[PDB]
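Enquirer: pasting the first chains of the complex, positions unchanged:
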Amino acid sequence: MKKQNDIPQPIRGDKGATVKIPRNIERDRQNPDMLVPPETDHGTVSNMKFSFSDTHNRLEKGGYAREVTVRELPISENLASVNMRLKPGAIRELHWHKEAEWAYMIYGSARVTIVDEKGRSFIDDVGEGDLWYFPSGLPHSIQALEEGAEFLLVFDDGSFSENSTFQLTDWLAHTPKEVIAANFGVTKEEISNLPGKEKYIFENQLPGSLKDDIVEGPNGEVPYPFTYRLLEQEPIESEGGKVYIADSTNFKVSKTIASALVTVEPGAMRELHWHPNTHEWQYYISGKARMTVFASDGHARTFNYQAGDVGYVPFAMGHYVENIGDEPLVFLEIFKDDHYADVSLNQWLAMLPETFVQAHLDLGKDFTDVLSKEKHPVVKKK
Amino acid sequence: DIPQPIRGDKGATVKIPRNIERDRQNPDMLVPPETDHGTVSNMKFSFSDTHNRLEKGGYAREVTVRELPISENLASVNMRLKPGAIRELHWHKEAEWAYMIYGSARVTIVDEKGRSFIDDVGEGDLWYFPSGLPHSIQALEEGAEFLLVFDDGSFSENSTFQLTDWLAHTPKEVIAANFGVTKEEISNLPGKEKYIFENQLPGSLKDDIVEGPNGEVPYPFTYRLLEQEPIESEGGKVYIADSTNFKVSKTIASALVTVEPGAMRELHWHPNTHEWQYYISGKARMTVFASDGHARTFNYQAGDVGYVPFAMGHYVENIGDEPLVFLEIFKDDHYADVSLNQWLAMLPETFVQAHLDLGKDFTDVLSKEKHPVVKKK
Amino acid sequence: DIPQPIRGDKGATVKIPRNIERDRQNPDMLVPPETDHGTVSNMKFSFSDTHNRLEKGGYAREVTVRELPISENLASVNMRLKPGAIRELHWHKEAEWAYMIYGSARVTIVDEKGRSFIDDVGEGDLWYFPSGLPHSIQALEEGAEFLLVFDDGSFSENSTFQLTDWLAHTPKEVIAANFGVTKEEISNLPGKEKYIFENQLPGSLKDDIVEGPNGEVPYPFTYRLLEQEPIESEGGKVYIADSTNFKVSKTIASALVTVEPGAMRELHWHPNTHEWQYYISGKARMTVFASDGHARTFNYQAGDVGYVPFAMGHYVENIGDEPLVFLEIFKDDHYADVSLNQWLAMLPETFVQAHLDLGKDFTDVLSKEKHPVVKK
């Protein structure tokens, strides 16, 4: 708990030394638990942290998009992410991709379209705290409404790239005109004005009312919505914060992505736990955190995170997420699976015979008496 | 005619010795569309460019990942049997799907509960043998020629597990003990496999059926594809068999497509998996759109294998005077596509116009009903 | 008493220094059947050829893909516990299946809904712990020795996540905050893992049961394999536990096979997945038929691991005077085989004759009923 000097130094008790070479003081201040790790860290652990601020931002007329992929964070082979921004009325061009796409609306609102394997369309407006999920290969679009929009997209393969989606106008620009004309029963003259290259993101007038955009068709309505109002659900409320979970059990279409939004008050922490199903991918919406990843065989490494950072926890590794700042800590947890699952350290030990736990920990009834059989994902410090 | 790789002011005459016959077969590759761009893997291979294994009773030649490396998940054998000839009892790690192009044959299969299924397959019929289940084929009075598709690209037709090869490589004492016979009783077992061999015609199917205490299989291993009602559009027909109707065909979804002269399988993609193609008859071109401004056109004719990687945009245009007939194969439990026309038809017209820089005259032509094969006007 | 690699006019005496004891254990490898041919990967490894991790309270040794590289999907630990000794609370990514060979033990497991299951396991019983669910083992009054099988070949017994190792590598401030205690209250936590440690015998199972707000688990994590009715053939018995009867065992299908002297697990293959084997007792040979004229025979005895890649033909012949007892393990939700005899029995007899160049005298012996273990 000893605090750093204005110029922090990698010193812990009698270990470490001052930095003698030119250095990045600003980044060191953001990474206090990396410049000075806990004494309990040990061994080689892959990097589990990357900042969107350290990525190239693709700027277009109407917004921007930047990405963190396996080429930035190689531990995350199964999940990649885009931070995308749209100005009011601007359109993310009709497109599809091999990966399924999950999204969280951080700021503003947007209208999405999607058409399914049966030719059925779903059109809906998404606001702050809402999600969408587009299954692999189904074509979709996003158009920001009057406030603009900024959102996080997560794709279920780490090798994604935002520059490799299949765009409507790119497909047509690379199809012979004779074939397009034959496809639609029109003349080549009727399609002479098709774009010669993709748009990707483009400015446009605001759309009208949602009701006026709904398209009915001969194949009927989709069975399940492609959007979900996460923040309208009743959260799991612990002493130190709240957890909102959306997986395929409640957000029915979201078959390959399970998700949670976690809020952690100052002085609180997402408790010690692990996931018995799959890897965790993280996005930090706001606040400041540290997390130690316990990797087995005496290996553990602590990382720091703040707004704009991606984190990762490989399958079954022990972890916690501690708020280390004065404001709420808000982050997303993402899993490539059909459901969310964790094992809580506290609940695990609480559900075992007390003398058996005592025999393991070399602690007494004073400790086992504090264990809780109810899981409290976010705990508050006393 | 002597074609040249010239398109407008681009290209030049060929100055070196060349293969004129192949150039005539590949007009859209010697002279690609101006709209092609970028590196795309090869998506075409001819069975005529493969080694044909000849045996007493027929032949078998294959296109695998060693010929067409983009196709890692699917491989194929073109097999021919003379009347009465037998493809020896065998099994393999891969599931096997088949389309009977010519003639007819009797198949056998035994399942993991010891139940046998024996049936005759004719032109336009399919079979599907799940992985590891043992089977045989015997051509009937007119012979048979058929296409086999295996759900792994690394297959080889020379590495199936053959009944007689197994026995030839098992100790005689073990074979004798296995069946409760003497070693002398099995002395005449073959020393090497047969693979394909000549034989007299079998009797009636009814007389070959074997009844047993474990009863009949719950689902048939054959399917009469051409007896089903096809999806009919202006330019042709589509017949689909996947696990929703051909119940056993869990890892292969299939379609037979017929395209009249002047018609085209419309612009679409598959949101589920890669497409593997076999061209039964006719002449076609297809452009594969691979994202990020990459697209490449290929030509196909009878005897060719094609491929479309997962989610790539494509169409199949008849470029000849005869019907174009081809198979589409997918390693999945169902067939699925997205039609470009239907997609745009199901969106607000002004939104589509904003994308395409076209007006209501174009959006008025879009159809909310999918028409897989369209006819030119 | 000195075997030589000679078969008729093939082979020769060994002229260099040699391992006569191992040669005597591997008669069908020093002198293979004439019917073997071609390159086949090794399908045989002995636990006696592995490093044994010794701890206060027992031991653990393993056969993994680093010992037997054909077995990429399955690995195994032979673990021994003295009376009362504890295999420390731990978890791992891999699912774990177990067979109790000797003695008995108490297991605990807690699931992802916070529900605990505690049960006693005796000889012939199994357990199955799904991936990532935390568990422990404690031997009862006789001690215990058992075989664990993990559904990835790259496992290692030294890489499990141990309760005390986790806590030893977590900041004390974080542990204290997690439980609402002071750092002083947790100062006595161990500085390193225990793994296996000695302990007094546990009390009655009834006294260990913990009730909780989330109720009981829906399916048990133990199974009394030898209490089931086996498939009894002429030459032995087969007991099967897969996800159809041992409901939790979703990624492991298993069978215990007993083969009398003079009997043999018949010629068959598996149309679903690879087979992993552990030889509990007795002596066997097996030929693996790998297609395209490739076949190789291997010898096995107590303590050996074997393997049969997906769809390869095989049999398991007792070559000794005592019963042969072995486990068959498959990474799948069910057991399945195709029997050579039953296959041919279910085809037209003249069609079989046309293949085999044998007559009705042979096809008349074929049986439409499957008999997994046959007697000579």
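Expert: Arrived safely, thanks for sending. Numbers count the residues shown, from 1 in each chain, chains lettered A, B, ... in the order given.
Enquirer: Now the residue of chain A found nearest chain C. Nearest residue, chain neighbours left out?
Expert: As assessed by CB to the nearest CB, chain C sits closest to residue A:276 within chain A, at 2.5 Å. C-beta here means a position set from N, CA and C on the backbone, and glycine is covered the same way. Ranked by CB to CB, 6 or more residues apart in numbering or on different chains and with sequence neighbours excluded, the top spatial neighbour of residue A:276 is residue C:132, at 2.5 Å.
Enquirer: Now do the same contact list for that neighbour.
Expert: Going by CB atoms under 8 Å, 6 or more residues apart in numbering or on different chains, residue C:132 touches A:274-277, A:315-316, A:343, C:91-93, C:112.
Enquirer: Quick check, the residue in the stretch 151-300 of chain A closest to chain B?
Expert: The nearest approach of the stretch 151-300 of chain A to chain B comes at residue A:174, 3.7 Å away (CB to the nearest CB).
Enquirer: Need phi/psi at that residue.
Expert: phi -120, psi 20 (degrees, to the nearest 10).
Enquirer: and what of the one 5 residues further on?
Expert: With angles defined as degrees, to the nearest 10, residue A:179 shows backbone torsions of phi -70, psi -40.
Enquirer: same check, this time on the one 4 residues further on
Expert: Reported as degrees, to the nearest 10, the phi and psi values for residue A:183 are phi -60, psi -40.
Enquirer: Then residue A:287?
Expert: Torsion angles, degrees, to the nearest 10, at residue A:287: phi 90, psi -170.
Enquirer: Grab the most central residue of chain A for me.
Expert: Central residue of chain A (CA atoms, centre = their mean): residue A:283, 4.5 Å from the mean position.
Enquirer: what are the pairing partners of the host helix or strand of that one, and which direction each?
Expert: Using DSSP states H and E, residue A:283 maps to strand A:280-286. Using DSSP bridges, the strands paired with strand A:280-286 in its sheet are strand A:309-313 (antiparallel), strand A:329-335 (antiparallel).
Enquirer: And that strand, how far out from the chain middle?
Expert: 5 Å (CA atoms, centre = their mean, to the nearest Å).
Enquirer: export that strand as CSV, just CAs?
Expert: Output in CSV follows, covering the C-alpha atoms of strand A:280-286 (Å, rounded to 0.1, in the frame of the first residue of the first chain):
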residue,chain,number,x,y,z
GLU,A,280,-12.2,-14.7,-20.7
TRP,A,281,-11.7,-11.6,-22.9
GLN,A,282,-12.1,-8.2,-21.2
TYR,A,283,-12.9,-4.6,-22.2
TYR,A,284,-12.5,-1.8,-19.6
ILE,A,285,-15.2,0.8,-20.2
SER,A,286,-14.2,3.1,-17.3
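Enquirer: now for chain D, put it on the one above:
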Amino acid sequence: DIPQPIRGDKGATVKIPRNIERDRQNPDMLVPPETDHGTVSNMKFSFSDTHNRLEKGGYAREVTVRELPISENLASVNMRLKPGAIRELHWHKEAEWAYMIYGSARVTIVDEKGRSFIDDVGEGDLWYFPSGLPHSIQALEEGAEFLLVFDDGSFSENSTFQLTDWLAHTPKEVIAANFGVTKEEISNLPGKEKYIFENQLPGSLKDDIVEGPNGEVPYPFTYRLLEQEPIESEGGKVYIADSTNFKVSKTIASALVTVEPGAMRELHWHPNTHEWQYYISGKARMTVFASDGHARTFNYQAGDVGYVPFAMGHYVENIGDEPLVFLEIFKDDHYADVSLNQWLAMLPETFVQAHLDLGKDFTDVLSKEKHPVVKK
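Expert: Next up, chain D placed on what we already have:
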């Protein structure tokens, strides 16, 4: 003072919580050049974003392929030693190259012929230790801080072979037999490694020299880079050490580049191998041209690692008011580049004009002499 991702009519303000400090460090990434295009792998990682291993006597932090995956062939440790502190005698498979940034240290190495080399290294000096040869570092009176580069990206600083770790994991009977001593004589050996440990300052270099029957090493393992005459261009200086002058440095070619304010390492590429970079001081941007219309610009400052894959076009522009100082590292036996200016200068002027759609006014400025660092 609040930058925004806006370039003319493209982009927009950031509406979500953001990292303004990092955005200010990366102006050409928040607002890239209009000329960037396409997907390019990340080519930039900060040592400040790594876990620092702290020991009594100093620290070590690393950037490896697990942090910067484009760099598969090279990894790096920033190591700091207090006065007299010792980096424990050790070896590793990888060859090690080093640049002394601050202070000074004594190194030892023994070769495979039993010959020892001991030398003092000061600011601007290098060392190179071939793969597998054992060595140590001990800081002198001012302490030391230096950059180590290893010729495999999968390195880890926690995986080196340490003298005391080896002995702690060797049977005492074997150690005793090895040296002809009793087990009692070696009872005080450490039970675990030291890695970095505090120690009194060493004596004179002359007093440490050890003579032996195998003579002196043929080539020195240290090099006084900054004592060499640099290539001096209009905008800065370049000092090169590769196997042609630093004879032992067979797998690492290196250069120290200084770039004045308003200057730039010119447009060039390497026809031999990938470039790995460490930024000692100052602030830079670099565009990596990856072919087929792909290009991405990155920002660097003190403490950053950069990378340029084999043959990709690049330049390094000083974007600050202070000198820009960086290292270029190549896994090869020599340094080589092709300069864009010199290339075009050596071709017929009308041929260059036909390519560039520019006239004699442009081709007249081309120079047949290579100037690695140019001044605006």
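Enquirer: hmm, back to that, is chain D within reach of the strand holding residue A:283?
Expert: Yes. With CB under 8 Å from any CB of the partner chain as the criterion, chain D is reached by strand A:280-286 at A:285-286.
Enquirer: and what of stretch A:4-23?
Expert: Yes. Contact between stretch A:4-23 and chain D, assessed by CB under 8 Å from any CB, occurs at A:10-12, A:14-17, A:19-23.
Enquirer: which of those residues sit farthest apart?
Expert: A:14 and A:22 (25.7 Å; CB to CB).
Enquirer: got the domain boundaries for chain A?
Expert: Taking curated CATH domains as the reference, chain A has its domains at A:8-55+A:230-379, A:56-229.
Enquirer: is any part of the last one close to chain D?
Expert: Yes. Counting by CB under 8 Å from any CB, contacts between domain A:56-229 and chain D involve A:56-64, A:70-72, A:74-75, A:83, A:85-87, A:106-108, A:148, A:150, A:161-164.
Enquirer: and residue A:306, what are its bridge partners?
Expert: Beta bridges link residue A:306 to residue A:288 when assigned by DSSP bridges.
Enquirer: Revised request: answer the last question for residue A:82.
Expert: For residue A:82, the beta-bridge partners under DSSP bridges are residue A:67, residue A:153.
Enquirer: Just grab the bridge partners of the residue nearest to the centre of chain A for me.
Expert: Residues in a beta bridge with residue A:283, per DSSP bridges, are residue A:310, residue A:332.
Enquirer: Also put chain E in, sequence below:
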Amino acid sequence: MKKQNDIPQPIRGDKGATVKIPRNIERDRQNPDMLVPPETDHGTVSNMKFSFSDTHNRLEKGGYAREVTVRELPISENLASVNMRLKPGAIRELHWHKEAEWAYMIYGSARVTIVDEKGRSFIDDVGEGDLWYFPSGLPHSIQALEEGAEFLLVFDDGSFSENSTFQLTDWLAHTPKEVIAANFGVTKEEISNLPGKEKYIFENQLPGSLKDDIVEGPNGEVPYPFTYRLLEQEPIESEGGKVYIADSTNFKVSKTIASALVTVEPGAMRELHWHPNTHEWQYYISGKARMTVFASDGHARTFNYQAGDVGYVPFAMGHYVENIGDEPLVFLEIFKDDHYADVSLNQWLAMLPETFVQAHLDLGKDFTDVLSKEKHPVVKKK
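Expert: With chain E added, the chains above now look like this:
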């Protein structure tokens, strides 16, 4: 040094327990340091031991061949080995392969042939203790002389198989007769008696004198011999045994294999060392040994070896080879490199300032005074 019972048990002090399940007592007796490892072992280490007795032996008219490859010992990706036996006069059929081949003649003697890239032939007799080396792709044969022969072949790729060499008669059997006839200017009738399948190993009459077999040609003699008399060289003689080294510096053709024969008296040991160049592959000719492989980061595992065993030491790992029996221990060390190199622990420390070594080891002048600046590869116990 405590000895096992006739039925050994995995017990070390108060650690371990008796074996309660059916077990392989004979193998346990062969592996005393695996049933009861040193207390100093720790962590996961790949298997480094495999017995030729655990391999399928290919029997032919004239001899046998069995192999240990990466399919048996997966740590050894770069080296594989065949133990081959020939009866008097029997021929290992003319053949070639992609891998280079190195050989040690353990028993008997043989005549070898080889033809090089220039059409030059080399024919020579090899006896006990002699080597050969055949570069990749050059065709060769072996024919045993009057005592027969048994030898160890080592190939410089672990994926080798003895059943995959290119055999003269197999090539011809799979070439169209018209092509063979055209190749040699003969009729198809003249070649009708060519074999229909390969021979591999076949019986034959003893050859005549070597002098009568030598073939001269227009391209002259080879520049360097393909055989080497290892045991005729003066060995490095230490107190506890001898070392004979053949690498490309003395056996000039042996460009990809460096080799050593090591003899270790009872009570002696190949000292603690490592190799700074490459992995070590081992074959145990006679005797009984143990070796601990030190793999870094606190990882170490001990293995036992006896006649007929293959061992392995990955690049740069610390090791020693201790004789644990009453007879001499004789083994081969093989390296895929153009030279042999090691670093001796003793010599390393002997060449450093004594106080510096003392500061590392927490030992005094009593220890540093015993260090030797001369390398003694095999040391004898006092």
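Enquirer: What residues does the stretch 1-150 of chain A have near chain E?
Expert: Going by CB under 8 Å from any CB, the residues of the stretch 1-150 of chain A near chain E are residue A:43.
Enquirer: swap in the stretch 251-382 of chain A?
Expert: Residues of the stretch 251-382 of chain A lying close to chain E (CB under 8 Å from any CB) are residue A:297.
Enquirer: Which single residue in the stretch 251-382 of chain A comes nearest to chain E?
Expert: For the stretch 251-382 of chain A, CB to the nearest CB, closest residue to chain E: residue A:297, 7.9 Å.
Enquirer: again with the stretch 51-200 of chain A
Expert: residue A:75 (20.0 Å).
Enquirer: next one: the stretch 1-150 of chain A
Expert: Using CB to the nearest CB, residue A:43 is the residue of the stretch 1-150 of chain A that sits closest to chain E, at 7.9 Å.
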